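What follows is a short report on a single structure.
Naming convention: chains lettered A, B, ... in sequence-line order (proteins, then strands); numbering from 1 in each chain.
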Protein chains: 6
Amino acid sequence: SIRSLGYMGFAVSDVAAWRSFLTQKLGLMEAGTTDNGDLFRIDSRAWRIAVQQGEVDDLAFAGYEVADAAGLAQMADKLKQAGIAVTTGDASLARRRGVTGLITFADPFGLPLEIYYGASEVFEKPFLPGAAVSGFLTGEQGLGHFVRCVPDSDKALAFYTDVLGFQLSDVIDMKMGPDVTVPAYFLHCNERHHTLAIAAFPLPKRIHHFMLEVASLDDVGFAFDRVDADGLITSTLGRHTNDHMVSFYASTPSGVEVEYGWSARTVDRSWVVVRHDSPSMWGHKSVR
Amino acid sequence: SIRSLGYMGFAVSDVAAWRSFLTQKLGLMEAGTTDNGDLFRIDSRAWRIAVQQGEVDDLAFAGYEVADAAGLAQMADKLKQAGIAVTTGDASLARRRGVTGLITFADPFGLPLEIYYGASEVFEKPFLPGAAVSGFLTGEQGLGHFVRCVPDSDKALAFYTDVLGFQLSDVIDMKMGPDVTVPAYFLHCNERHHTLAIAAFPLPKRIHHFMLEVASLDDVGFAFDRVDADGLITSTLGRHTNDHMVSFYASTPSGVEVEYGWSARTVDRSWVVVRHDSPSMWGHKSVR
Amino acid sequence: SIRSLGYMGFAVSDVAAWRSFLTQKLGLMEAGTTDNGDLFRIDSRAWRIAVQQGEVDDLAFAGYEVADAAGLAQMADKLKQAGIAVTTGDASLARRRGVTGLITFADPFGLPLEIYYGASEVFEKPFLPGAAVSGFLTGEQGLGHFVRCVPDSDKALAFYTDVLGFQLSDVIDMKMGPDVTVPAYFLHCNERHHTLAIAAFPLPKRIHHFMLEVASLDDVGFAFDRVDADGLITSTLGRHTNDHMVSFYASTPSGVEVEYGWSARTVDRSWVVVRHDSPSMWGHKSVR
Amino acid sequence: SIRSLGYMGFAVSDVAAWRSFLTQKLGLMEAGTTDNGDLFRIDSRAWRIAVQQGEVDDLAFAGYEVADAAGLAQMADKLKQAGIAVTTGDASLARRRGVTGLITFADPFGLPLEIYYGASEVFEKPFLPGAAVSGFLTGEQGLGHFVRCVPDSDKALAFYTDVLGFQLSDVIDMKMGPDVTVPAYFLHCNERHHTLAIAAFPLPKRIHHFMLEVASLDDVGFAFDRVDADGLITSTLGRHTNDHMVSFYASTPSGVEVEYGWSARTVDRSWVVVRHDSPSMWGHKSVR
Amino acid sequence: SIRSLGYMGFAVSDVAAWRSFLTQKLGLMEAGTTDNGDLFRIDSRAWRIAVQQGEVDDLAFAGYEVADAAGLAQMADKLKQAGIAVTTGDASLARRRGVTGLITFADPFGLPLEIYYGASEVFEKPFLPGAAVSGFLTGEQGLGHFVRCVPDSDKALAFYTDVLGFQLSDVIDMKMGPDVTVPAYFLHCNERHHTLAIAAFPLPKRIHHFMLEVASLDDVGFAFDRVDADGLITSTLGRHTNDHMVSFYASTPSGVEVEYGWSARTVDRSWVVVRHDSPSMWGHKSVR
Amino acid sequence: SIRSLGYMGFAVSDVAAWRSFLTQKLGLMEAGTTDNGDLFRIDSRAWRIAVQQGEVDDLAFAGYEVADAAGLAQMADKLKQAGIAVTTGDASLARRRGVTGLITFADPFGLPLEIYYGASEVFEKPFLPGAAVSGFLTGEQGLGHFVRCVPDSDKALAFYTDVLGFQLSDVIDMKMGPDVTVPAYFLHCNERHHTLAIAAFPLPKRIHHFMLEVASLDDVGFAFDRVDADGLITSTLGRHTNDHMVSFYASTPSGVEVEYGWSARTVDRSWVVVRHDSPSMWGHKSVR
Ligand SMILES: Oc1cccc(-c2ccccc2)c1O
Ligand SMILES: Oc1cccc(-c2ccccc2)c1O
Ligand SMILES: Oc1cccc(-c2ccccc2)c1O
Ligand SMILES: Oc1cccc(-c2ccccc2)c1O
Ligand SMILES: Oc1cccc(-c2ccccc2)c1O
Ligand SMILES: Oc1cccc(-c2ccccc2)c1O
Ligand SMILES: [Fe+2]
Ligand SMILES: [Fe+2]
Ligand SMILES: [Fe+2]
Ligand SMILES: [Fe+2]
Ligand SMILES: [Fe+2]
Ligand SMILES: [Fe+2]
């Protein structure tokens, strides 16, 4: 059973721009370079985000974490039984990722996915942010979330819920012009309101954005100014209707956006699926 | 599995009187008019109470909420297996109710019931009461409760417990004159002491009253004076023996009564069924 | 410096009616009979209320407590310097009151007052109420309060503030008919919002009422029903605008009223004098 | 599944002595007389202890509480399957006990037992103790506990654990003289450390003692003095090794003893069975 | 200004008996022998109790602690102005006591007293009790208290309050036979209810007893059994009416008694002087 | 199901050196000598560590605790089904261990193991440490942990996880020289991060060390100095990367080391297996 989103890798055209963006603007910690690419940290894990040179300028792969080897075995079986082509990552890949075991495959629309267990911790190299950030919220909630753009939401849903086991949190009917309303589906696999959202948006990228959650309002406020100085803000500060996260959006060097937020509410046993007609209570004025 | 009472609809002869009563006396928020009728809010949901023009001057339908589509499917099966005629609400009805999916049917004595999932939230339109009320208590406890008057309590019980899944909280043997004692059964489907009560009272209505719970004693005290000014109080302030709610009762424009209370105790895993001979510890002096 | 109202004595025509009223209706503990009269307890003190046979059917004396002998000395001096006739109570009176030392005198309009120190505690005879009452609130706030009716409020004020040291909490302009508005002054000598109130009401008694504060809302609710059964309620349940006490009023056998309340707010260092035009937020409907 | 010990009935030769003992010494509330005998209360339940005239001067019956009718049904089946003669109490017995439904039977050595559901609550008649007691601890822990004397502990154990479902807490090897060591078994059916203890002691009675738990140390201290005044103390104040209860023991008018205690520790999921060689850490000096 | 009772010294005929009594029965820590005598600890201070060989078998001296050198200077002046013969302790005495500075004198009836500042701490030699005791309560409340027997209470009072600065807490009128009532005065110099009590009892000793306060009820219970084993208990467990301390009394090898207690209430700014007719709520049965 | 490590026994060449080491350096309580050897306590249990005369100078046996007789039965079956030779300990062995029932067997590499239930508590003999220690942390976490040295980690793992039921917490790849990296596996059976660790180290002993956890940082600091005085420290103070325990290591008289720590983090339901490349965040400098 998937416990959380553990890591993500980006294939970008300008690695230097990304390095500077992630550390100086967002405050991530530079963790060195390896055959896994330029590594970045936000907590005790050896790395959470990897940046590799590439032409797509998009998310290259995402890794989902299971608790142990038994969990890995369950998932591999679930995928096989579903007719998905799964590959047991070899020792070489596992060493490159810094994990104990992993299986690889792709989602229905070609996004490379990895499910692994036993990632590396580096408590002996205490996290020191590249900019003034009090802390990032990970723990049992994992890395954060990302919005997967797909040509067919229903096909994507069946795969993520029935095969991968994500559960629906809620749906937002996004009005994109008078003759267009696109439902966005928010899915959770732990307490975090959503670790994955699915929507059929007309974008050239695999994801609309990825999100990182910080510990205080000031972390968000200071980061906003740092990003704003370079004219990279895409949405003003606002609060979402569904997860109640206070956040802003900005452009990364690849065009893909990043959401930087604070104070999201979690999902619990009493949770019930609901629908919304707006993605924000207040703010989030688009300045794109 | 039913999680809570989600909404109620009334068919009344004087819609204007109801509108004024609900907002100015009870403090509900007027949420507009649609083909679903005049809508009223008490929390983040798009509506909780609907008022439609009608001759019965009574509860027209009640909607029970399940967590998701799987829950809806379970309930539909449970009802079918019980031999109840169930109808999958069409897109038209679902849109009118502002829900994602719903099934319709009736209780053994003709009360139209609906079980649905995926209701609409409107966090972007913050709740503002029509009168000074600090807040209403809903959340996982749902809307509140109502007392269903029936000609046969045993038949009603078998349906609500065996088919709908409500659990018994307790029983109160209500003394209505020397040669008459009527047992009232209190049922729960979540933490709220009771979401439904059943009693064979000789009333022309489907329900004796519906109840709304507020956040503070002052909310109740101020509302009492507002209602008292128009001579609509039916029972003075008092506290119930079973749910320990402090409340008063008043007449709505349809003759059906409304209970307005505060500070009820909840049901938990350690709960055991008990019986009482009185419905009130103190107060609740009838002034009908 | 006066720390609190410590005890009160009533001279009544029907001692038996009072005994029954105080214990069975209000829940005080019967503490025996002495040359000080029938004694009643509400806490650890040997007695707080004394009932003696008398024709006035009114408050006979009130005792204010100082911390020690030095405090008693200060007060005696303050009174002498003000030209008030003060008498050092003899050993006989002190023994009758169960106190260590006391001085006697009268207010400007003839109410016998006593200031004392070193009252008797009886922790070895645990308080057991005459009716179901969870507890009375005394402690550093003393016995409670009473409203002193006077022919001249200004003269009364100068005496109670300048000579006795009480401080003003607030004022309520009580509308008694179109051509009559009477200001009621509320005074404190400790945290209790008011230990004494002064008003020029046209009543035959020295006080309008005395007040006792209980620990829970149920104490008030149950007591209301007990009193209501005998038709003695004078005001329905309500909450005051100034002290925020939730209470009801009832008639004692002497015509003097008693207020029984719960949840009053206290006075602190940040307190500022204010004025009100109403004595109640809600309730307190007169049924006299 | 048995949730707790709900009530007990005693058949005694001197009902008046018992009435006075329970109210004046222990502080129970006298709840009237019925065909169920003299009734006594310690909480919201209509009665917990019944005293009937009888020659045995011992426990006459004990009632164990289940949560509902389904629970009653389960227990009846469990007993039947075990070959125990069970009788469904008739409406007459149920009305006498003030319960909704009950089954009767006897333990292996003739103690009449009853399992019931739906007892009567009397919140409208607030508990008022017969002596100064802050409160008794019942709730989900039930009435308290009693020690059942049996000729064969192993046979008794098999019945109480395998048939009735009690679980072992711990065992104390009680040294009764050089050539005699008797194991006492402590059993729980809820959080209370033990609701029942079994030991093969050479006593003429069915039980060694019953225990009532109070809310504060002073409740115990004051009760000790009240009992001591009549020379009824059998063990000085002490604390048990297993439940950590601070208590004293005294003789009731029937010779059966009563334990009056405070501050016992509870049993939880992490609990493991252990053994002790002493029943007390300190105190509990026998003065029999 | 005196902050607390800091240390005490006893001159006894059997030093070995005292050593064994203090460590094995009461749980004090043996801190070595010096020219100050056998030293005992109860906290971080180098010593709190000193035992020297002597014929009086009584308290030999008591030391009161001031905050600093200025405080010492104030006290010396206060005493001189009162006409008391004060001696500035020489370096030899100060070194023997392990203090920075001290003055010596005697109370009106010959008890040698010392006021000092700058006592020695020994945090590097962690306190380890001689018996199982969770801890002693000292801190800002100092060592504990003792009852000074005097031939004239009034003369003693004037000295302790007017000259030494102690404040009265309360008075207990101790009934010693029909024709004898002796008032006992309880004085405080900090939060501890009383650090000194004065009474004109007919005893051969300078003090009736000294008291040590422990951290838990078990400390008291276990100590009671240890002392009881040697037949040294003088009063059973009980709770005082004035300080609400739960304690027992026992005989030391010198005849002087020791009180060992727990859970006393403190004195605060709202405190008022009161009187009692009994020294105990419950217990404290004399077995002398 | 194994609940915790309950006790351990050592067979040593110098019993006197061990006695002195455990009490004076580590602060354990000497609990007497029996046919079970010299017994030592750290909490309410009659003994936790036994020292017997022997030539191996190593761990002689370890006892794992189950909750009851049913648990013992389950384990015996699990072992039999695995083909392990299990022996039901006779009454003689059970009495020697002070337990109710036990089974004996050996791990794959000859370490004698015992699984038991119903150990002896001695609350009547309060724990008093041999040195100043505020307390040891046991409870539901049991005794502590030990590192089992084995020639084949994989064979050891299969036995401890598949047969005994321990669960993996994490793995640390211990670098022992350039051409050697040894994985150490940490296993838990309750909240304690690990009760057992397995590693293929080249040591002559069955275990590398055993660990005892204390209640405060000062307990560790003071113990460090006591041990350091005799030159027995093997690792300076440091904090582990996996359990976050702050500790030091020292040599026992048998060469086997002991870890003395404080403040370890626990394992919960959200726990996921991870890997580390270092066993310490800071400190733990080897001075061997
Ligand atoms: O965290 C979130 C919560 C709700 C909606 C969005 C969202 C915004 C823009 C496009 C797609 C989704 C989101 O990111
Ligand atoms: O909330 C409640 C709790 C207990 C009884 C009633 C009740 C009152 C009148 C008629 C029927 C039931 C109630 O409303
Ligand atoms: O506690 C109180 C607070 C405010 C007003 C009154 C009051 C009521 C009637 C007559 C005079 C005063 C009062 O009693
Ligand atoms: O609560 C208790 C805890 C432990 C032992 C006893 C006990 C005492 C005497 C005889 C039998 C049992 C007990 O009552
Ligand atoms: O702590 C205490 C509180 C109250 C009274 C005493 C006392 C007892 C016996 C003789 C003198 C005083 C006492 O010690
Ligand atoms: O508690 C612990 C946590 C992590 C590693 C060790 C360890 C140290 C040395 C050798 C083997 C293991 C340990 O003891
Ligand atoms: Fe987002
Ligand atoms: Fe109701
Ligand atoms: Fe008042
Ligand atoms: Fe007992
Ligand atoms: Fe004392
Ligand atoms: Fe370790």
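- In A/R95, the CZ atom is not crowded: 12 or fewer heavy atoms of neighbouring residues, nucleotides or ligands sit closer than 6.0 Å.
- Of all residues spanning residues 273-288 of chain F, those with a heavy atom less than 4.5 Å away from chain A's heavy atoms are F/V273, F/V274, F/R275, F/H276, F/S278, F/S280, F/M281, arranged by number.
- Of the inter-residue distances, the one linking A/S120 atom OG with F/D173 atom CG reads 8.5 Å to the nearest 0.5 angstrom.
- By the ring-ring contact (aromatic ring centres under 6.0 Å, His included) test, F/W271 pairs with F/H193, sequence neighbours left out.
- Residues meeting the ring-ring contact (aromatic ring centres under 6.0 Å, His included) test with F/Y117, sequence neighbours left out: none.
- Proximity to chain A among residues 134-154 of chain F is not found for any residue, judged by heavy-atom separations below 4.5 angstrom.
- Counting heavy atoms of neighbouring residues, nucleotides and ligands inside a 6.0 Å radius, atom NZ of A/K125 does not exceed 12 of them.
- At most 12 heavy atoms of other shown residues, nucleotides or ligands fall within 6.0 angstrom of atom CD in A/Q24.
- Looking only at side-chain heavy atoms (C-beta outward), F/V272 and A/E65 come within less than 4.5 Å of each other.
- Considering CG of A/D68 and CG of F/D170, their distance stands at 12.5 Å, rounded to 0.5 Å.
- For chain A, the nearby part of F/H244 is the side chain; its heavy atoms alone come within less than 4.5 Å.
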